[PDB]
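Working notes, structure below.
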Amino acid sequence: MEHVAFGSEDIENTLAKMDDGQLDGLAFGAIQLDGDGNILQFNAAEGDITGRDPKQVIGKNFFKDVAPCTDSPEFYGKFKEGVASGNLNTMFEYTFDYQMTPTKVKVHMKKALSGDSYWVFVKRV
Ligand SMILES: *C(=O)/C=C/c1ccc(O)cc1
């Protein structure tokens, strides 16, 4: 395992050193998005939570394509506000229910240290 906790204060610094293989070592789901919501990275823990195969969703748009249940003010709305403002750090619970058994998670969205990409971190609750 990679030794970093969900919701860590400096998580964007710690994850700046991870290629796909190291992200796969996290204890929680990690998705990196560009400012439009396109998936840049998607780790193994996330695939275990939601069933998606990482290489099949990278390059897709998370809000339009992969996760329409997140296309709402309560999720995408927060994301887009953060992309627009150029800062994002929000944690909230949510239920993922598209083509899957509804699964309650805790989500932490945080702007990456890199200028315009955004993490979506997920763990079960
Ligand atoms: C709602 O449509 C949620 C979908 C979803 C969330 C997270 C994933 O890893 C994959 C799909």
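For this chain, numbers begin at 1 and follow the sequence in order. Numbering of ligands and ligand atoms starts at 1, following listing order.
- Taking CG of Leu113 as the reference point, atom CH2 of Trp119 lies at 11.0 Å (rounded to 0.5 Å).
- Distance from atom 10 (C) of ligand 1 to its nearest protein heavy atom, with residue and atom name: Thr50 OG1, 3.5 Å.
- Close approach to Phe42 involves these atoms of ligand 1, each under 4.0 Å from a residue heavy atom: 9 (O).
- For ligand 1 and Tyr98, the ligand atoms under 4.0 Å from any heavy atom of the residue are 1 (C), 2 (O).
- Per-residue contacts place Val66 under 4.0 angstrom from the following atoms of ligand 1 (heavy atoms of the residue considered): 4 (C), 10 (C), 11 (C).
- The aromatic ring centres of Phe75 and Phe92 sit less than 6.0 Å apart.
- At the top of the distance list for atom 5 (C) of ligand 1, counting protein heavy atoms only, stands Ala67 CB, 3.6 Å.
- The distance criterion of under 3.5 Å between nitrogen or oxygen atoms is not met by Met100 with respect to ligand 1.
- For atom 2 (O) of ligand 1, the nearest non-hydrogen atom from the set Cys69, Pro102, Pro54 comes from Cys69.
- A cation-pi arrangement is absent between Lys106 and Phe6 under the rule of less than 6.0 angstrom and at most 45 degrees off the ring axis.
- The line from CD1 of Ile31 to CE of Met109 is 10.5 Å long, rounded to the nearest 0.5 Å.
- Taking the charged nitrogens against the carboxylate oxygens, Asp48 and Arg124 have no contact shorter than 4.0 Å, which rules out a salt bridge.
- Among the candidates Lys111, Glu12, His108, the single residue satisfying the side-chain hydrogen bond (donor to acceptor under 3.5 Å, both in side chains) test with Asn89 is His108.
- Given atom 7 (C) of ligand 1, the protein heavy atom at minimum distance is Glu46 OE2, 3.3 Å.
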